[PDB]
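Enquirer: Sharing a structure below in structure tokens format, with a few things to ask.
No value in this document is a laboratory result; all are computed from the given coordinates. Quick reminder, even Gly has a Cβ in these numbers, built from the backbone with ideal geometry, and neighbours come from all protein chains shown.
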Amino acid sequence: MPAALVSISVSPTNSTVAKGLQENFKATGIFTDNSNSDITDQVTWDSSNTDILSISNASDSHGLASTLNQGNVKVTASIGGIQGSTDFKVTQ
């Protein structure tokens with residue numbers, strides 16, 4: 001039978017990094033049926049994109065974002081019902 005989400009465990013990083021830097025992302029979805037699943041809905045991450053950045057979170061399961069701009073980017077993703085947000089600042 002169908003179920004309804006409840007919450008998700010996301011460990012976003014709100015900091016700044018020098019030109020060229022990537023980080024792994026992981027999110028776990030939780031259902032009201034006490035049944036938790038990992039990236040069940042495939043948490044899709046996206047960046048505001050300032051200069052040139054690419055994020056790949058489908059290599060197998062774990063997520064990964066790589067920035068390469070000279071400013072501030074906004075990393076946001078959504079999974080199932082719950083979603084999260086992160087702030088990243090890439091310098092020169």
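Enquirer: Please rank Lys74, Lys26, fewest neighbouring Cβ atoms within 10 Å first, as an exposure proxy.
Expert: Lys74, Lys26
Enquirer: Given H placed 1.01 Å from N in the peptide plane, which residues other than close sequence neighbours of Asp41 have an amide H under 5 Å from its amide H?
Expert: The answer is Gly80.
Enquirer: Under a Cβ-only charge scheme (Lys and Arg +1, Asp and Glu -1), can you give me the dipole magnitude of the chain about the Cα centre, in debye to the nearest 20?
Expert: With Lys and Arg at +1 and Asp and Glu at -1, about 280 debye.
Enquirer: How would you classify the chain from its alpha-carbon gyration tensor, with a ≥ b ≥ c the square roots of the eigenvalues: rounded for a/c under 1.5, else prolate if a/b is greater than b/c, otherwise oblate?
Expert: prolate
Enquirer: Then there is this: Which ordering of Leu53, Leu68 is given by a fewest-first count of other beta-carbon atoms within 10 Å? Don't skip to the end; give the middle numbers.
Expert: On the way: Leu53 18, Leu68 14.
The fewest-first ordering by Cβ neighbours comes to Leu68, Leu53.
Enquirer: Also: Sorted from fewest to most neighbouring beta carbons within 10 Å, what does the list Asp60, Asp38 look like? Provide the component values of the computation, followed by the final result.
Expert: Details: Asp60 5, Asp38 13.
Ordered from fewest to most neighbouring Cβ atoms within 10 Å, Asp60, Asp38 come out as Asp60, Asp38.
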